[PDB]
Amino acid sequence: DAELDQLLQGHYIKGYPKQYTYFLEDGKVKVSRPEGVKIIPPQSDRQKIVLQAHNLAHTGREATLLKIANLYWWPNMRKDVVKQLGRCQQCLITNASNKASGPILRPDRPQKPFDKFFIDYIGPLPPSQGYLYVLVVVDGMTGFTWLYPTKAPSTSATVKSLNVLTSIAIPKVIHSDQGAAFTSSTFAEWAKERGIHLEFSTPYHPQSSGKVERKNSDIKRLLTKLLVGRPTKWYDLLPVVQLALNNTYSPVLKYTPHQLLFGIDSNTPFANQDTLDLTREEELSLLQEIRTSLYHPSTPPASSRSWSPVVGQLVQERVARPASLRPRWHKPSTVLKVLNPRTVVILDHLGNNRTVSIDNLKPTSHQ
C-alpha cells in the first residue's frame, strides 16, 4: 500500500520502470504493459498469489509464471516464484532431476591376485538338483572366477563355499554389495577370524560390484547357449562354465584369467606354449611384467550438464522401494564429506551418517 501509494502519484520506486503509467481502477493498482493491463498487487499479497498459482498443478518456474502473468505484474516475479519452488516440500521430493551424475571412476586394478575378491549371488535360477542360486567369486586382478551352487543366498552357504575356496589362498579384501548374506555379523566374524577385510558397495548401486556383475553376464550367457534346446539343468554345467570362462581370452588384455593367475596354461585345449623353453623362474618374471602392463581405462568425459557434490550442499537420497503414488526422493540432507567425486557421506533423513553413491542422489533445486 505505502509503496504503491507513492507510485500512483508519479514518484519513482526502484524496480518499477518509469516509462509506464501506473493508475488506479476498481480499487486496484494497475499498469499498462505491452502484453496488456496487469494488476500490481501489494508486496504483502504476492507470496499468496505465487502459492495459489503454483498449487494449481505444482508446476515449475515457467509454467507457474505464465499463470501469474495472466493477471498480475510486479518487479522480479520469477524471483518470488523460485522462492516458493524451493520451499514446496511436495515438489522437492516428487520431481525428477535434470542434472546427470559426474563421470564414473575407473578404480585401479588390484596389483596382485588375491588382493581383492568381488563376490555376489546370481538367482533364483530354475531348480537344478535342488539348487537355486550361484555364489560368484571373481579375483580382482586376474578375473579368475569360482562358481558355487547354493540353495539360498545365505551367510551359511557363503561361509561353506568360501571355506573351500580359501583352501587355496586367503584374500586381503572381499568386496560385496549389501545383500543380507554378506552383512550379517556371522559373516563379519568369519572374515575377522581369517584376517580378511570386508568392503561394501554403497547401497543400491550394483555398478560398485561391476567386476563380478560383468562376470555374471558372461556366466549366464554361456549357460544359456549350452542349454539351448535342452531343459535348464545348469548344476552340472557350473564346473564346465567355470573352466571355460577362466581360460577365455580378453581381447583388450590378450590374456585369459588363468594366464594372469598362473602364468602358464594347464592341459586345456589350445594351450599357449610360448614359454615352453623358459624356466619357471623366468616364466614368473615375465608374468610379473605382464600383470603391471595391463591396459587400464580412464574416466570418461563429463556430460554437458553434470553435477559434483560439495561439502555442505543440500542433496536428496533416492527412495529405495518407493510405493505406488509415493515420492521417489527423500527430504533434503546435507553432504558431510566427499570421499571421492562419486561417493559422499550425508546426514541421513533419519539422522544417521550414510555413505551413498551420487547416482542415488540429486542436488536439491532452487538452493
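Sequential numbering from 1, following the sequence displayed.
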Quiz prompt | 40-48 versus 323-331 - greater average Cα B-factor per the deposited record | solution = 40-48
Practice problem: Check the entry's C-alpha temperature factors for 127-135 and 214-222, then say which stretch has the higher mean. | Solution: 127-135
Quiz item: Between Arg106, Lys116, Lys192, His258, which carries the biggest CA temperature factor in the record?
Solution: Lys192
Exercise. Check the PDB entry and point out which of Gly143, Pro269, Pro206, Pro231 has the largest C-alpha temperature factor.
Key: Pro231
Exercise. Using the B-factors in the PDB entry, rank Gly60's C-alpha atom against the chain and give the third, lowest, middle or highest.
Key: lowest
Quiz item: By its CA B factor, does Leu243 count among the lowest, middle or highest third of the modelled residues in the chain?
Solution: lowest
Exercise. Among all modelled residues of this chain, ranked by Cα B factor, put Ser365 in the bottom, middle or top third, i.e. lowest, middle or highest.
Key: middle
Quiz item: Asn353: which third of its chain by C-alpha temperature factor?
Solution: highest
Practice problem: Rank-wise, by C-alpha B-factor, drop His54 into the lowest, middle or highest third of its chain. | Solution: lowest
